[PDB]
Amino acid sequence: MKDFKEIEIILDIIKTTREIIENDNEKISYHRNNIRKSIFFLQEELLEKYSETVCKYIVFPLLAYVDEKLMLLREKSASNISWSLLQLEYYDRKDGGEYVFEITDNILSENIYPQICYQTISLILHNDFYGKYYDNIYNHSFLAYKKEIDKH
């Protein structure tokens, strides 16, 4: 039952996202608000156990996943979608499509990390996080990251 409560929160965010995705700017704003409440509890709970770096490794990719799906909806949507980046509000950077795979390199290189690090990456990747690979999901490194992460 390792970090079960954290996992549920990450699932919930994935849900609040995949739902925003299947709507006007007052709905979006309410769900974003929920997401931010869920992030607050996720951080508070992880930081009782884990260093700041480990907490970031688990929460940044989830934010980058949410940002990516929202930016894509905002690209493909009939209505005007407004979305300030979560990854930027929380972690002061906006290069998530690259930095997630930098995180993934790190957790894959050293066998020091809690299992939730790998599960969080596995989840966003099973939910079609592409990041820097958006233009071509046939990329061999992209497929290797998936294979290697699930092997954990």
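Note that residue numbering follows the sequence shown and begins at 1.
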According to the entry, are there none, 1 to 3, 4 to 9, or 10 or more residues of the deposited sequence without coordinates between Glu22 and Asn23?
1 to 3
Averaging CA B factors per stretch from the PDB record, which one is higher: 65 to 73 or 49 to 57?
65 to 73
If you take the mean CA temperature factor per stretch, which one wins between 24 to 32 and 88 to 96?
24 to 32
Against its chain's modelled residues, does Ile39's Cα B factor rank lowest, middle or highest third?
middle
What third of the chain does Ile121 rank in for C-alpha temperature factor, lowest, middle or highest?
lowest
Lowest, middle or highest third: where is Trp83 by Cα B-factor in its chain?
highest
Check where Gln115 lands among this chain's C-alpha B-factors and tell me if it's the lowest, middle or highest third.
middle
The third of the chain into which the C-alpha temperature factor of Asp12 falls is the highest
